[PDB]
Amino acid sequence: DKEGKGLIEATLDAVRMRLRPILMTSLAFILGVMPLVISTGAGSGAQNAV
Amino acid sequence: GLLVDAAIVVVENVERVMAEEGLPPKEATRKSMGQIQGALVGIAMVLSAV
Amino acid sequence: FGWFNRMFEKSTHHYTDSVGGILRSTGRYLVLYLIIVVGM
């Protein structure tokens, strides 16, 4: 629309100039949520289910 | 989780404008918060959905 | 130096190009995702 179009040709150009985030932030998570998945089962049995 | 995340794009899409297009900062990321403009006012309003 | 060398190829030849090779053949993903929706 506002930029040069591409059905398969512009969507691949976009997914090549910021894939850092949707891989490093969807990763800065997980291990940011790892202290709760286990790591503790005594006092925080609720951190497990969360 | 989320509070950590949303802060990366406004720092990573900042890398593009100086690691790719070369030119000096300040007005560098000026037009990159416009690629995520609706991904600001319409991430929250659809995050707020659930 | 370069360790970002490791995944800059994994982003292109094993991702970008391989990704372009699945909408290349959209087809069977019509059922593969309907077996995940009615699989979950």
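Residues are labelled from 1 along each chain in written sequence order, independent of how the entry numbers them, and those without coordinates are excluded. Written order determines the labels here, with chains lettered from A and ligands numbered from 1. All reported values concern the displayed chains, which form part of a larger assembly. As a convention, hydrogens and water are excluded, and side-chain values are obtained from all of the structure's heavy atoms.

As named in the PDB entry, chain B is Acriflavine resistance protein B, taken from Escherichia coli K12.

The name the PDB entry gives chain A is Acriflavine resistance protein B, with Escherichia coli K12 as the organism.

Asks: Sorry, what's going on with the overall build of chain B here?
Replies: Numbering of helices and strands runs from the N terminus; a helix is a DSSP stretch of H or I covering at least four residues, while a strand is a stretch of E covering at least two. The secondary structure content of chain B amounts to 2 helices and 0 strands. Type-normalised accessible area, obtained with a 1.4 Å probe on protein chains alone, sets the label of each residue: buried when under 20%, exposed when over 50%, and partly exposed for intermediate values. Taken over 50 residues, chain B has a buried fraction of 18%. We get accessible surface area from the Shrake-Rupley algorithm with a probe of 1.4 Å; when it comes to residues, only the shown protein chains can shield them. Carbon and sulfur atoms make up 66% of the accessible area of chain B, which totals about 3900 Å².

Asks: How should the overall build of chain A be read in this particular structure?
Replies: Per the secondary structure count, chain A includes 4 helices and 0 strands. With the radius of gyration taken over C-alpha atoms, the globule rule is written as 2.2 Å times the number of residues to the power 0.38. Compactness check: chain A gives a C-alpha radius of gyration of 19 Å against a globular reference of 10 Å for 50 residues, more than 25% above the reference. Projected onto its principal axes, the C-alpha positions of chain A cover 55 × 15 × 15 Å. Across the 50 residues that make up chain A, the buried fraction comes to 12%. For chain A, the exposed surface amounts to about 4100 Å²; the carbon and sulfur share of it is 65%. Each charge sign in chain A was given a centre, from 5 positive and 4 negative side chains, and these centres are 7 Å apart. We treat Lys and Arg as the positive residues and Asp and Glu as the negative residues; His and chain ends play no part in the count. Where a charge lies is defined by one atom per residue type: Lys uses NZ, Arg uses CZ, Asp uses CG and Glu uses CD.

Asks: Any chance you could explain the interface of chain A and chain B here in plain terms?
Replies: The contact criterion used throughout is that any non-hydrogen atoms of two residues lie within 4.5 Å. The interface is formed by 9 residues belonging to chain A together with 11 residues belonging to chain B. Contact between chain A and chain B buries roughly 800 Å² in total, counting both sides, with carbon and sulfur atoms accounting for 53%. Just to be clear on terms, a salt bridge is a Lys or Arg side-chain nitrogen sitting within 4 Å of an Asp or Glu carboxyl oxygen. Seen at the junction of chain A and chain B, the total is 1 salt bridge. Residue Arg20 of chain A is joined to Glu15 of chain B by a salt bridge in which the shortest nitrogen-to-oxygen separation is 3.9 Å. Contacts described as polar in this section are N or O atom pairs within 3.5 Å, which, within protein, must combine one atom able to donate a hydrogen with one able to accept it, while residues neighboring in sequence count only if both atoms come from side chains. The interface formed by chain A and chain B holds 1 residue pair in polar contact in total. Each residue is assigned to one class: nonpolar for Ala, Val, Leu, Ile, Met, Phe, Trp, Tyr, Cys and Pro, charged for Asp, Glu, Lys and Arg, and polar for all the others, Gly among them. Grouping the amino acids of the side of chain A that touches chain B by side-chain chemistry returns 4 nonpolar, 1 polar and 4 charged. Accessible area, probed at 1.4 Å, shrinks when two parts are joined; the buried area is that loss added up over both.

Asks: What should I look at first to understand the layout of surface pockets in this one?
Replies: The gaps of empty space that remain are located by a probe, the size of a water molecule, rolled over the atoms. Method remark: on a 1 Å grid restricted to protein atoms, a set of points is classed as a cavity if a 1.4 Å probe fits but cannot get out and as a pocket if it is open with protein on both sides within 12 Å along at least five of seven lines; lining residues have an atom within 4 Å of a point. Grid points are joined across faces, edges and corners, and a volume is the space filled by probe spheres set on the points. Size it by volume and the largest pocket reaches roughly 1300 Å³. If you go around the largest pocket, you meet 42 residues; those closest to its centre are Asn13, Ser32, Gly34, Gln35 and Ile36 of chain B. Within the residue set of the lining of the largest pocket, elements represented by two or more residues are α1 (11-14) and α2 (21-28) of chain A together with α1 (2-19) and α2 (38-47) of chain B. In terms of residues, the lining of the largest pocket owes the most to one element, α1 of chain B, which gives 10 residues. A per-class count over the lining of the largest pocket returns 19 nonpolar, 9 polar and 14 charged. Approximately 580 Å³ is the volume found for the second largest pocket. Along its surface, the second largest pocket is lined by 17 residues, and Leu19 and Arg20 of chain A, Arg16 of chain B together with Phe8 and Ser11 of chain C are the ones closest to its centre. Secondary-structure elements contributing two or more residues to the lining of the second largest pocket are α2 of chain A, α1 of chain B together with α1 (5-8) of chain C. Among the elements that line the lining of the second largest pocket, the one with the most residues is α2 of chain A, at 3 residues. Looking at side-chain class alone, the lining of the second largest pocket contains 9 nonpolar, 2 polar and 6 charged residues.

Asks: When you look at the pattern of salt bridges in this model, what are you seeing that I'm missing?
Replies: Oppositely charged side chains may form a pair once their charged atoms are brought near each other. Residue and element names in this part refer to chain A. For the coordinates displayed, the defined rule picks out 3 salt bridges over all chains. Here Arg16 ties to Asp13 by a salt bridge, and the two come within 2.8 Å at their closest N and O atoms. Here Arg16 falls in the partly exposed class, since its relative accessible area comes to 45%.

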